[PDB]
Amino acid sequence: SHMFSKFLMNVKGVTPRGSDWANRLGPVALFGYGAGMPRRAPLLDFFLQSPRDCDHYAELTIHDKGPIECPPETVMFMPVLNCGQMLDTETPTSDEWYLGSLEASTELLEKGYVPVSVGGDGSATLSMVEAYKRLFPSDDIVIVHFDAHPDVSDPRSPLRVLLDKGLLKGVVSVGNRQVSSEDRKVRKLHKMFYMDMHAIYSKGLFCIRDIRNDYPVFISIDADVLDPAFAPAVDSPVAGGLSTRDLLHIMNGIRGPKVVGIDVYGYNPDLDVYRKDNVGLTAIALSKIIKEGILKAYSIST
């Protein structure tokens, strides 16, 4: 697709991971993905202008081009390579979106970057772990999946495709609270672990200490995992969800050797609640989640 040309050209022209990085996690690469969402997708730009200090005492540094210096160990910098928006003049197809995502992710991954996808409908999850599986067929992938919906009742869902192709060692679904009959069948069938909202709440959300894991984790976050009061900008809201702090806390509990990728999705500008100054509540919430997701890519361990 010619719409992805300027982006793809800049991404494969990205300076590879330097030798100064050896034995260290990262660096992180960030791009805007917009499949299944309106053409105007302002989440990436909103994050890039957001404050850079994290919950945990570290600081993001954002760069438009390389080389990406590996910061000194006493420096709490976390470099992020901004690769910009995938689209820059008619709505591209899902397959075209799939190809652009697969290509960009593959390129970044083989250059030693941790790909972070922001926006879209969740289809990036499929293509990003496929980009990883092609490059590293030996590595077993596990997905931590934050969502109001199990999203395995549709055979075309990114998560279902991956389980059908057998590209996933395991899946952990968090915050589900609209579980259909079909969902329950696929759950038992593929032996998925799940932490549904009501059960996660009655145990004490703050009492969640670890999501134990030994394999590289992909982090997939549907914005609708958050309560509609914190993240209203979603197509299929389910009330009674996580607070932004709840989600941050659980994210911080994710363990593993490395992060294969991150997809933050489900955000639709047309559905947000807006302040009088036209800043959307969901954009505020997700910018924070994206920042602490980036932190986790730099700090994860078993």
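Residue numbers run from 1 along the displayed sequence.
> What number of residues from the deposited sequence go unmodelled in the gap from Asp88 to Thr89, classed as none, 1 to 3, 4 to 9, or 10 or more?
Some 4 to 9 residues are missing between them.
> Please compare 198 to 206 with 222 to 230 and say which has the higher mean C-alpha temperature factor in the record.
In the deposited entry, the stretch with the higher C-alpha B-factor mean is 198 to 206.
> So 117 to 125 or 185 to 193, which one's hotter by mean CA B-factor in the entry?
Per the PDB entry, the higher value belongs to 185 to 193.
> Return the residue from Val152, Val144, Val179, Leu135 that has the highest Cα B-factor in the entry.
Each of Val152, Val144, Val179, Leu135 was compared by C-alpha B-factor; the highest is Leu135.
> Within this chain, which third does the Cα B-factor at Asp55 fall in: lowest, middle or highest?
CA B-factor rank for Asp55: middle third.
> Using the B-factor values recorded in the entry, state whether the Cα atom of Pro158 falls in the lowest, middle or highest third among the modelled residues of its chain.
Answer is middle: the recorded C-alpha B-factor places it there.
> Could you place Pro257 in the lowest, middle or highest third of its chain by Cα temperature factor, using the values in the record?
Top third by C-alpha B-factor.
> Among the chain's modelled residues, which third holds the C-alpha B-factor of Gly175?
As the PDB entry reports it, the C-alpha B-factor of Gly175 lands in the lowest third of its chain.
> Taking the entry's C-alpha B-factors for this chain, is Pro67 in the lowest, middle or highest third?
Its C-alpha B-factor belongs to the highest third of this chain's values.
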